[PDB]
Amino acid sequence: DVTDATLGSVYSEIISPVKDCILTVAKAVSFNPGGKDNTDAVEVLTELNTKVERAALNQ
Amino acid sequence: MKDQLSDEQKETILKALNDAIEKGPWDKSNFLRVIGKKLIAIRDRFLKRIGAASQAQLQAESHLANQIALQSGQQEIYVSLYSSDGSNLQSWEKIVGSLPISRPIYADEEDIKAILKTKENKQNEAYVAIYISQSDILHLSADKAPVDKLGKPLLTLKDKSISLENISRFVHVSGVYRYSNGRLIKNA
């Protein structure tokens, strides 16, 4: 059934969904640019991914 | 760009996930709250993967352990077990500890699972795989060998040995478990 996390599973199951999510919050942002909460969410998602991608590529 | 992940990488990723979940505006909006749950589910998926590392390894190795066993005079044996409190995932552990007899022993796993299928309770039945010495087996002819409620031969074991410390699985309706040793069992 379940196997360890790899670089591939990290990209597939964390980084890709989170990027899709960013796309979606960006739409919710284009309805009311400057809505703080949504903009905050894009910042947190974006940080999350760069940290995880750094970790995956062992930088 | 190696595929295998070190503990430190796994830790760094988990931290990123905790931090993102703990500080995001996920309780400020219906949209955001739903995104909050998605994240918790992402972190969850990931912890399920790393949590499973060791069982996955033991699974990938079990083929190897088997081929070694054949060629060193060992085999995996299957012992049918019964409990009065079969729902208590804890009352099983205390029975496995008292193995070192009258329970039915099978050479083929397909046969012991078939026999379990017939049982009425199905919650009171389990079995353990066990590595045996194969010199430990008292080999009866098919003309002599005891048979189960289907016409399937059972194995008989020589005296005062086979108190073997290598279980390798515990099968039940709840699922496949593992002897911790530890005297407890769990797996997922």
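These protein sequences, in sequence, are chains R and Q.
Following the authors' numbering, the residues of the first sequence are numbered contiguously, the last one being 86.
In terms of the authors' numbering, the second sequence is residues 1 to 100, 104 to 191.
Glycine is no exception: its CB is placed at the ideal position from the N, C-alpha and C atoms.
Could you have a look at residue i and say whether DSSP puts it in helix, strand or coil?
i, result
"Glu76 of chain Q", "strand"
"residue 204 of chain Q", "Because chain Q in this structure spans residues 1 to 191, residue 204 of chain Q falls outside the shown range and cannot be described."
"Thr66 of chain R", "helix"
"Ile42 of chain R", "helix"
"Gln4 of chain Q", "strand"
"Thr77 of chain R", "helix"
I think residue i touches residue j, with their Cβ atoms under 8 Å apart; what is that distance to the nearest whole Å?
i, j, result
"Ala69 of chain Q", "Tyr134 of chain Q", "6 Å"
"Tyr78 of chain Q", "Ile108 of chain Q", "7 Å"
Please state if the CB of residue j and the CB of residue i are separated by a distance shorter than 8 Å.
i, j, result
"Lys15 of chain Q", "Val71 of chain R", "no"
"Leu157 of chain Q", "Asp151 of chain Q", "yes"
"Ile21 of chain Q", "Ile40 of chain Q", "yes"
"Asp31 of chain R", "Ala60 of chain Q", "no"
"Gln137 of chain Q", "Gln74 of chain Q", "yes"
"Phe46 of chain Q", "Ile95 of chain Q", "no"
In chain C, which residues lie with their C-beta within 7 Å of the C-beta of residue i?
i, result
"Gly24 of chain Q", "The displayed structure is made up of protein chains R and Q, and chain C is not among them."
Under the criterion of a Cβ to heavy atom distance below 7 Å, does residue i qualify as lining the ligand PLP?
i, result
"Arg49 of chain Q", "Only the bare structure without any ligand can be found here, which leaves the ligand PLP out of the picture."
If the cut is a Cβ gap below 7 Å, which residues of chain R does residue i touch?
i, result
"residue 102 of chain Q", "Any structural detail on residue 102 of chain Q is unavailable, because chain Q resumes at 104 straight after 100."
"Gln4 of chain Q", "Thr33"
"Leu32 of chain Q", "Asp64, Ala68"
Please name the residue or residues paired with residue i in a DSSP beta bridge.
i, result
"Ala145 of chain Q", "Its beta-bridge partners do not exist; DSSP assigns none."
"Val131 of chain Q", "Q:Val79, Q:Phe173"
In chain R, what lies closer than 9 Å to residue i by C-beta?
i, result
"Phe46 of chain Q", "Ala32, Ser36, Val37, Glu40, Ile41"
Given that residue i touches chain R, what residues does it touch there, using C-beta distances under 8 Å?
i, result
"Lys38 of chain Q", "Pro44, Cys48"
Output, in chain order, the set of chain Q residues within a Cβ distance shorter than 8 Å of residue i.
i, result
"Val56 of chain R", "The premise fails here: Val56 of chain R is roughly 11 Å from chain Q at the closest Cβ pair, so nothing lies under 8 Å."
"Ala53 of chain R", "What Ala53 of chain R touches in chain Q: nothing, since even the nearest Cβ is about 12 Å away."
Please list the partners that residue i has in chain Q, where partner means a Cβ-to-Cβ separation under 7 Å.
i, result
"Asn85 of chain R", "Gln9"
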